[PDB]
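For reference, the structure is listed below as structure tokens.
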Amino acid sequence: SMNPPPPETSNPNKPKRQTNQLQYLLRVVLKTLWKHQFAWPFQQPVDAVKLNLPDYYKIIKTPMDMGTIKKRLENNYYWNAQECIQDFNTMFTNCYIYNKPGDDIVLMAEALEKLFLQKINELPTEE
């Protein structure tokens with residue numbers, strides 16, 4: 001069992017805009033989460049081959065990771081901040097679905113999610 005292609009991160013035909021909120025998501029939220037001690041499993045698409053998880057992509061049909069989110073932000077892929085917030089939420093939820101309560105990786109995701117929620121609380125209001 002193979003890795004899928006990664007999620008789409010750029011699309012020339014898709015309209016682009018920069019908002020205060022999208023800027024904060026890249027410069028504050030993504031940055032802070034990337035540097036967390038527990039970020040490393042979430043910095044790239046789940047590598048089902050290297051990690052020997054042949055059923056991962058049979059179960060998880062909306063994979064998401066911070067590598068992809070970074071690319072989406074820097075490529076102006078999102079029209080709305082809520083789309084990016086949804087990607088972060090998806091990343092955490094995938095981990096909770098695939099793994100069991102109390103697994104190390106779940107505790108890691110929970111700590112990242114708490115930090116995420118803290119930073120999102122300070123999202124600026126639209127310009």
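None of the figures in this text is laboratory data; all of them are computed from the coordinates on show.
Remarks
- With the convex hull of its Cα atoms as the shape, the chain has an orientation-averaged projected area of 7.9 nm².
- From helices alone, the chain scores -13000 deg cm²/dmol at 222 nm; the rule is -39500 (n - 2.57) for each run of n ≥ 4 DSSP H residues, then divide by the residue total.
- 26 Å Cα-Cα reach of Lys70 towards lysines, excluding residues that sit fewer than 8 places from it in its own chain: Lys14, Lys16, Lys31, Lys35, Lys50, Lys58, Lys61, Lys114, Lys119
- Computed 3J(HN,Hα) for segment 111-116, one whole-Hz value per residue from the Karplus formula 6.51 cos²θ - 1.76 cosθ + 1.60 where θ = phi - 60°, is 5, 4, 4, 4, 5, 3, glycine and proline marked x.
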